Amino acid sequence: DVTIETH
Amino acid sequence: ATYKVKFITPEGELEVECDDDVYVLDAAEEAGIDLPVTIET
Amino acid sequence: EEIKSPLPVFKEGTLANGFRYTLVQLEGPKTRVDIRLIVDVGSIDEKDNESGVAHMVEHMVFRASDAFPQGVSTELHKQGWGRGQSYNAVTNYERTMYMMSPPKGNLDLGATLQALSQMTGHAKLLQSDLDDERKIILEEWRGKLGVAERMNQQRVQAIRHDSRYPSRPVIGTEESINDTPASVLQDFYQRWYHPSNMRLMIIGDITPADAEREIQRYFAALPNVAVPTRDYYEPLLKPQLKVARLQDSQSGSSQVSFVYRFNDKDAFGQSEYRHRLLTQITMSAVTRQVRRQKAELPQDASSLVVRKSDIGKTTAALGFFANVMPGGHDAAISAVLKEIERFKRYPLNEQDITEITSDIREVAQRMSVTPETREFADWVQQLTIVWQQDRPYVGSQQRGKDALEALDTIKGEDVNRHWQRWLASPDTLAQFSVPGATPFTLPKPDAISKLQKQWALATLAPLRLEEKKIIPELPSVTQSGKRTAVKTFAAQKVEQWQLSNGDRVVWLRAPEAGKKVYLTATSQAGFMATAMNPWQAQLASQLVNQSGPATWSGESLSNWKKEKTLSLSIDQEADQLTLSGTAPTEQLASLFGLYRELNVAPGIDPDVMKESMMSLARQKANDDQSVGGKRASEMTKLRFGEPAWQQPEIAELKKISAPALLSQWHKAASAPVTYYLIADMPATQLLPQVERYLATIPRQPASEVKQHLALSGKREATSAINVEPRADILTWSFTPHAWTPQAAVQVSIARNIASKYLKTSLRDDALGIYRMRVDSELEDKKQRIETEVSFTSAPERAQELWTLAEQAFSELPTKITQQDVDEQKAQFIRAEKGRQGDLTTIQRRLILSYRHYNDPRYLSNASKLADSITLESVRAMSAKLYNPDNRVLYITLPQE
Ligand SMILES: [Hg+2]
Ligand SMILES: [Hg+2]
Ligand SMILES: [Hg+2]
Ligand SMILES: [Hg+2]
Ligand SMILES: [Hg+2]
C-alpha cells in the first residue's frame, strides 16, 4: 500500500 | 471482429488482442498477462 | 462537486442495540447525499451447507419484506430509483455492503433509511421469491465462468492455502444456487443480520441532528442479538516450503514465483503509522532495485517483479514473480531464488532510500500545510475506504504531520531491517504456471530448498547500480529530396504532391486540424506481402513500434514523445502498413524526423524482444491445445480452407535474431508511401519539411497484396468442446457488391432494422439466448456485404437458433416498414451532421476516397448520402444481407 501518494 | 485493449498498471503498459465476444480479463489470462478501449487498473 | 468542500465535521453514534452510524456533513454540493450500510458477514462465514448463501442473501433482501410484500426493490422502482445507479450492493469474503444514492438526494433520506431497515431487519426471504431470483443468480454465475475466474481461484487456493478463503468463493456453487432452500437463507440472515453486526454512514448535505433521528426511528427497535465470535480470518501460518501449480487448460500463464507469508500488521511495539510508512519506503526501494536485476536473469526468465498483497485481515504475502520461457521453469525458479538470495546478502541502495524518503517528506510537508478540499465523489471514495476497514478517517493535513514525525525516526537501517524480516518469514510458497501441454512435473519441496542452499553457499555479485539515462535526440538530416509534381483539388482543399523518391503526399488543409498536424502514412507493405515471412514481419513491426530508432530504447522513446506531445504508431495489417501520428505544428520536424528514423534506422530493444518472445511462446503452447485454439483452426478451415500463415514452433521462436527481424522491417519500409497529412498551415511551411524528411527515404515498387477472401458456398461444423456450460453459434454470409458510399450507407441501415427485427423474432426466453449480435457491412476493400450473426446460449435449443434467424432473414425484406426507414433516415441525418467537422471522419473519408477513386471527391457531397435512404433501396438491400448460397455455420457445444 501507499500511505503517502507521491506520483 | 478483432480489437486491441491496452492496460495501465504500476508495472507498465500491457496490450492484448481480443474478439468482440471476449471478456477483457479472459483475453489477458489466455494471453498469460497477470493483472489484478484502454482501461485502467 | 464543482466547488470543493473542506474537511467535514464527523458525528458518530451507537444505538442501544449496538447499531453504529457515522454522519459526515459536507459544505458539499447542495442536497446530494450518499448512504452506505455494512453488515459484517461475507462468504467466509458460510458453513459447509451454505455455499454462496451470503451473496444470495444480498440478492434476496431486495425481495419481500414486512412492509413491502411486493419487494423492497419494487418500491424503490416505483419511487424512481434505478438498479445500479441509485441502489447497489456487493458481497466479498468478509462483509456485505449496501449502497444508496437516492435520486432526490437528502429529501429521500427517511425513505432510504426505511428501505435499508427493511432489507436488513425485516426481509422475508421467501421460497417463492427465491425460486424467482435464482434465475438471476444463475446468470450472475454463468457470466463468471471464464478462464480468468478459474485462474483467480487457482491463485487463492495456493497463496491462501490453509485458510477458509479457497473453499468459500463469493458466488458459491451451481448446486447450492439451484438446491439451497429459503430456510437456509433465513437461518443465515437470523444468525448474522443483527444491529451490533452493522454500521451505517451518511455523507453529504445533511443535518446531523435530523439524520440521527431518522436513524433512531428506523433501526433502534431491531433486537440486540449477538453474533458468533470469529477469529478465522488468517491462513494458519507455519514454517514450510509449499509447492503449488497454478493451472488452467485455457490459460497462457507461464510464470514462477516464490512467496513469503507473514503477519503484516504486527508493528513490533512501534508506531502503526510509522510501520506502514516503512512498508512504502521498502516496497519503493525494492521495486527500484528488482528492475535493475533484470540484467541478471537467464534467457528463460524475464520481468522479475516484487508484489505485496493482503491475504487476510492481518496476513500479507510478499512475492517475487517472473515470466518463464515455456519449458524453462526449472532454470527460472532458480534464477528467482538467486536474486532473493542476493537481497538477503546486500543492503538496499542507500541513495534510493535517501531519494524515496525525500520525495515522501516533500509531499508530507505540502500535505501538512494545505487545507483539505475535495469533490463530493472524492470525499465518498476517501471516506468509504477508511469506513470499510472500520477505521476513523484522518485528514490529509494531519496525516502529513504524522508522516514527517515518523520520517524523523526512520533511517536506512530501519528499512533494511524491515525488509530482512519479510525475507526471513518461515511460511514460504513456490508457484509454477506452465502453459498448455509443456512437460512438467511439480518439484518436491526438497528440490526447491536444494536450490536455496546452492545460492546461500554461492558467491554473488553486488546489486546492479542505476544505469545512466540515455537522452535521445533525432539526427541532423541535410540531404533533401524534391517535390516533382502538384495536382490541385481546390474544391476539397486538397493538394497531391509527387516526391522524388516515388512517395506522394495527400495534404488536406482542414481548419479542423487547429494547431495540430495529423499524419497517416500508408503503403502496400502488409505482412502477407510476397517478400516477407508473415509471423516475423509482424513481430518486427511490433518490436520497432515499441523500441523506436536504433540508438534509443522503448522507455526513452516514450519520454521523448510525451515531452513533444507527439504520437506515432506502427500498425502492420495483412495487406497494408499504416504509421499514424499527431503533433503540434511546431513539432512537425520532430514528427517527420522520427518517422524517417523508424524507416531507415529502426531499433530492437533487447528487453522488449525478450518479453515479446515469451508472450508469443506461452500463447503458442496454450493455443496448441486450448479450446480457442481449436475453434480458431475450425473456423479457419470452414471459412478459408487453410491458414494464410501460422505462428512458428517455440523452438524456432527461440532462435529469432534482431537482424533477421530488422531485415523483415526493412522489406516493409521500402514500399512507397502515401502521406495523408491534415494540417492548417501554408504550403510554404509544409513543403521544406516534407522535402527534407520524407522525400529522402529509399523506396522500391511494391506489389498490391492479395486479400484473404472467405470462400463461397455452404459449409458447417459442430464441436462439443466448450468447457463452460454454454453454446456458441456463429454464422457467416457474404454477397459480392460494388462499394459506393450510398450502398455502404444502405447496408448499415438495413442492418439496424434487421437487428431489431431479428431480436424480437427470436425474443422467446425459452430458447435460452444469453447474448446475440447481428453485424453487417459493405466491406470496402473486399467489396462484399459481409454479415455475421453470433449467439451465446444454453445448449438445449442452440441448434434451433440459426434456423430461426435464417427464418427471420427471409421475412425481413417485406416486413420493413416505411416508418422504420423514416426514423432511420432522420437518425442518420442527425449523426451525419454530428460528423461534420469531425477530424476522425474527415481523415477516414479522405483515405476511403483515395482508395476507391484515387482522388478526394468523397470529402464533398456528404449531404446527398441521406437521400439514398428510401424504403425501396433499404429493402432492396435488406434482401442482400444474408445470402443462403454463401453460408458458413459453426456451433460450439459444451464438451460431452
Ligand atoms: Hg453478484
Ligand atoms: Hg425495524
Ligand atoms: Hg512510437
Ligand atoms: Hg529500409
Ligand atoms: Hg483472412
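Protein chains in written order, with UniProt numbering: chain Y, 136 to 142; chain D, 53 to 88, 137 to 141; chain X, 26 to 921.
Beta carbons: idealized from backbone N, C-alpha and C, even for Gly.
Asked: Determine which residues of the stretch 357 to 391 of chain X have a Cβ less than 8 Å from any Cβ of chain A, and write them out in chain order.; Found: Looking at the structure shown, chain A is missing, and the protein chains on hand are Y, D and X.
Asked: Would you say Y75(D) faces chain X, with C-beta separation under 9 Å as the test?; Found: yes
Asked: In the DSSP assignment, find the alpha helix (DSSP H) that holds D355(X) and state where it starts and stops.; Found: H354 to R370
Asked: Going by the DSSP bridge assignment, what does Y883(X) pair with across the sheet?; Found: According to DSSP, which records beta bridges pairwise, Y883(X) is partnered with nothing at all.
Asked: Evaluate contact between the stretch 131 to 144 of chain X and the stretch 57 to 75 of chain X, counting only Cβ atoms and requiring at least three cross-stretch pairs below 8 Å.; Found: yes
Asked: At a CB distance below 7 Å, what residues from the stretch 662 to 695 of chain X approach chain Y? Give them in sequence order.; Found: none
Asked: Ligand 1 heavy atoms versus the CB of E174(X): any closer than 8 Å?; Found: no
Asked: Could you check which residue in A614(X), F346(X), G67(X) and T121(X) has the C-alpha nearest to that of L271(X)?; Found: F346(X)
Asked: Quick check: what's the CA-CA separation for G654(X) versus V814(X)?; Found: 21 Å
Asked: Going along the chain, which unbroken runs of the alpha helix (DSSP H) with 4 or more residues stay wholly within the stretch 529 to 595 of chain X?; Found: 559 to 572 and 579 to 589
Asked: Three Cβ pairs or more, each shorter than 8 Å: is that satisfied between the stretch 767 to 786 of chain X and the stretch 700 to 707 of chain X?; Found: no
Asked: Under 8 Å by Cβ, that's how I've got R301(X) and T138(Y) pegged, so tell me the actual separation to the nearest angstrom.; Found: 5 Å
Asked: Give the residues of chain X in contact with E69(D), contact being defined as C-beta atoms less than 7 Å apart.; Found: Neighbours of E69(D) on chain X: none; closest Cβ ~10 Å, over 7 Å.
Asked: Find out if the Cβ-Cβ distance for the pair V531(X), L613(X) is shorter than 9 Å.; Found: no
Asked: Might you give, ordered along the chain, the residues of its own chain that have their beta carbon closer than 8 Å to the beta carbon of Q390(X), omitting 5 neighbours on each side?; Found: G425 and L429
Asked: Helix, strand or coil: how does DSSP classify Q241(X) here?; Found: helix
Asked: Can you name the residues of chain Y whose CB is closer than 8 Å to the CB of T304(X)?; Found: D136 and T138
Asked: Consider the Cβ of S835(X): report whether some Cβ of chain D lies at a distance smaller than 9 Å.; Found: no
Asked: Can you give the Cα-Cα distance for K475(X) and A326(X), rounded to whole angstroms?; Found: 19 Å
Asked: Roughly how many angstroms lie between the CA atoms of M660(X) and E848(X), to the nearest whole one?; Found: 37 Å
Asked: At a cut-off of 8 Å, would you count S592(X) as near ligand 4, judging by its Cβ distance to the nearest heavy atom?; Found: no
Asked: Strictly under 9 Å for the Cβ-Cβ distance: is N647(X) near chain D by that measure?; Found: yes
Asked: Buried or exposed for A856(X), going by 16 or more other Cβ atoms inside 10 Å?; Found: exposed
Asked: Any residues in the stretch 170 to 183 of chain X with a beta carbon nearer than 9 Å to a beta carbon of chain D? Which ones, in chain order?; Found: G171, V172, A173, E174, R175, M176, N177 and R180
Asked: Select from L247(X), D212(X), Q104(X) and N113(X) the residue whose C-alpha is nearest the C-alpha of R45(X).; Found: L247(X)
Asked: So the beta strand (DSSP E) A742(X) belongs to, where does it begin and stop?; Found: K739 to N747
Asked: Does the beta-carbon of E83(X), which I'm using as the reference point, lie nearer than 8 Å to any heavy atom of ligand 1?; Found: yes
Asked: Can you pull out the residues from the stretch 412 to 443 of chain X whose beta carbon lies closer than 7 Å to at least one beta carbon of chain Y?; Found: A428
Asked: Is the Cβ of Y298(X) closer than 9 Å to any Cβ of chain Y?; Found: yes
Asked: Using 9 Å as the threshold, is the C-beta distance between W577(X) and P497(X) below it?; Found: yes
Asked: Kindly examine ligand 1 and report whether one of its heavy atoms sits closer than 8 Å to the Cβ of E165(X).; Found: yes
Asked: Can you check which of these residues, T307(X), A535(X) and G344(X), is closest to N441(X) by C-alpha distance?; Found: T307(X)
Asked: Whose CA, out of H80(X), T463(X) and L884(X), lies closest to the CA of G277(X)?; Found: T463(X)
Asked: Among the residues of its own chain, which have a CB less than 8 Å from the CB of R822(X), if the five just before and after it don't count?; Found: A791, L792 and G793
Asked: Would the C-beta of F514(X) count as close to ligand 5, meaning under 8 Å from any of its heavy atoms?; Found: no
Asked: Between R61(X) and chain Y, is the shortest Cβ-Cβ distance under 9 Å, so that the two count as touching?; Found: no
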